[PDB]
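1. Task: produce atomic coordinates for the following.
(3 chains)
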Amino acid sequence: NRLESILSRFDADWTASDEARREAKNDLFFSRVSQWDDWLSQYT
Amino acid sequence: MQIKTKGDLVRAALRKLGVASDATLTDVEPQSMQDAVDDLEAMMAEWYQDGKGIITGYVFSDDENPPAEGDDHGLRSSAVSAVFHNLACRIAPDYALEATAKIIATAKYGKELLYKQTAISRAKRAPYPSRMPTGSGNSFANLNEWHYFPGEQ
Amino acid sequence: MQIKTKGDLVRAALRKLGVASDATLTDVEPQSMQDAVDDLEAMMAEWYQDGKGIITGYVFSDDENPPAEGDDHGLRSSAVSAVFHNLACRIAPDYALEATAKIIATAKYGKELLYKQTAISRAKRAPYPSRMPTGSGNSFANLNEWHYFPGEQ
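-> Numbering: from 1, shown residues only, chains lettered A, B, ... in the order given. Take a look at the structure below.
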């Protein structure tokens, strides 16, 4: 019951701020690690 | 179309060359028909190049049926006026005759019209190169970590 | 294809020149057929240049079986219309005849179509030179200490 409420609140908070998190993570990876964001569909 | 059979194409080519028709009293001799149908089969085999060449409706006889003159051809109605003109142009060296310039011009026009539709259909542009970014305007593939184009693969 | 054997090629060439065919009252003596098939073998061995020239399905007689005129050839159906046309163009000097311009044009077209596919297949681009770094975007070959391209080797 308590765990269910905590997880529901956490899921709402996580899903409500997905695009900003993804864009910030992409910015961090582009600025720090490398500038070729082609990990997917590479090695061909 | 009245030119359903290969023998009709052979007779039309011979008549255009003037070798055998009814406007001239001569009649077709069977060995001439056999030679002309063999030449037709060889020429049509040369044009197709196993697909990589000119594509027209045509059925190649497996020689299971001995007489290949009577069987049907799959030529569409537009290709007929070119096939027998080219056949008549090719047969002329068998005798000492030379094809009239009108026949040569008609054969040129016919082959051009045969290949124009396939030329239009095969003019396609290559996909984006592999190392080509997708700009920030897509807004969906950019959010799906799908930043770069796949490639020619 | 009804032109299976080499003798069929020789007879087709002779018919195209008009020297002799099935519907003629005089024919050619077999020694001339032997000479023509020898000439065909010589011409076809000069186009192959030992695998480095025009590549077409063709089997050379091993001379163990006596008659090289009777055995089959491995020519695909598309190359037949070129081989016997070129053979007929080459044979005419043996007699007093001269090949008609139509036969010359057909031989040119046939040889061009014979070599176009191999020309497409043989147009390959060389690898990167030995002293060419791989940029920092690969992220795997760069981390495997393999910074530079291997070379043509």
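2. Look up how far chain C lies from residue B:130.
-> Remark: distance between residue B:130 and chain C (Cβ to the nearest Cβ, to the nearest Å) = 12 Å. All C-beta spots, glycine's among them, are computed from the backbone N, C-alpha and C.
3. Next, the angle from the helix ranked longest in chain B to helix C:101-121.
-> Ranked by number of residues, the top helix in chain B under DSSP state H is helix B:101-121. If you take axes from the mean of the first three to the mean of the last three Cα atoms, to 10 degrees, helix B:101-121 sits at 10 degrees to helix C:101-121.
4. Using CSV, list the CA coordinates for helix B:101-121.
-> Provided in CSV are the C-alpha atoms of helix B:101-121 (Å, rounded to 0.1, in the frame of the first residue of the first chain):
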residue,chain,number,x,y,z
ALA,B,101,16.3,4.2,-94.5
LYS,B,102,12.7,4.4,-93.4
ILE,B,103,13.0,0.9,-91.7
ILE,B,104,16.1,2.0,-89.9
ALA,B,105,14.5,5.2,-88.6
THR,B,106,11.4,3.2,-87.5
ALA,B,107,13.6,0.7,-85.7
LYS,B,108,15.5,3.5,-83.9
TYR,B,109,12.2,5.1,-82.8
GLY,B,110,10.8,1.7,-81.7
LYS,B,111,13.8,0.8,-79.5
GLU,B,112,13.8,4.3,-78.0
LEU,B,113,10.1,4.0,-77.1
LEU,B,114,10.7,0.5,-75.7
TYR,B,115,13.4,1.7,-73.3
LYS,B,116,12.0,5.1,-72.3
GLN,B,117,9.5,3.8,-69.7
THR,B,118,12.1,1.6,-68.0
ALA,B,119,14.6,4.5,-68.1
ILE,B,120,12.0,6.7,-66.3
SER,B,121,11.2,3.9,-63.8
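5. Buried residues of it, list them for me.
-> B:103, B:106, B:107, B:110, B:111, B:114, B:115 (16 or more other Cβ atoms under 10 Å in any protein chain shown).
6. does any part of that helix sit near chain C?
-> No. Helix B:101-121 stays clear of chain C (Cβ under 8 Å from any Cβ of the partner chain), getting no nearer than 9.3 Å.
7. Which other helices and strands does that helix contact?
-> Counting contacts by 3 or more Cβ pairs under 8 Å, 6 or more residues apart in numbering or on different chains; DSSP states H and E, helix B:101-121 is packed against helix B:80-91.
8. List the buried residues for the helix it packs on?
-> Those would be B:80, B:82, B:83, B:84, B:85, B:86, B:87, B:88, B:89, B:90, B:91, for helix B:80-91 by 16+ other Cβ under 10 Å.
9. check contacts around residue B:48.
-> B:54, B:55, B:56, B:58, C:78 (Cβ atoms under 8 Å, 6 or more residues apart in numbering or on different chains).
10. just these now: which is nearest chain A?
-> Lowest distance from chain A to these (Cβ to the nearest Cβ) belongs to residue B:55, with 31.5 Å.
11. burial count for the closest one?
-> Applying other Cβ atoms under 10 Å in any protein chain shown, we find 16 residues neighbouring residue B:55.
12. just to revisit the earlier point, can you give me the angle the longest helix of chain B makes with helix B:80-91?
-> Here the directions of helix B:101-121 and helix B:80-91 differ by 130 degrees (the same axes, to 10 degrees).
13. distance between the ends of stretch B:47-60?
-> By Cα to Cα, to the nearest Å, the extent of stretch B:47-60 from end to end equals 13 Å.
14. mind listing what's buried in it?
-> B:47, B:48, B:53, B:54, B:55, B:56, B:58.
15. Is stretch A:7-14 positioned near chain B?
-> No. Applying Cβ under 8 Å from any Cβ, one finds stretch A:7-14 separated from chain B by no less than 15.9 Å.
16. Can you tell me what sits against that stretch?
-> Stretch A:7-14 is touched from outside by no residue, with contacts defined as Cβ under 8 Å, 6+ apart.
17. picking up where we left off before, which of the buried residues of helix B:101-121 lies closest to chain A?
-> residue B:115 (34.6 Å).
18. Surely that closest one touches residue B:56?
-> No. Contact between residue B:115 and residue B:56 fails when scored by Cβ atoms under 8 Å: they sit 9.3 Å apart.
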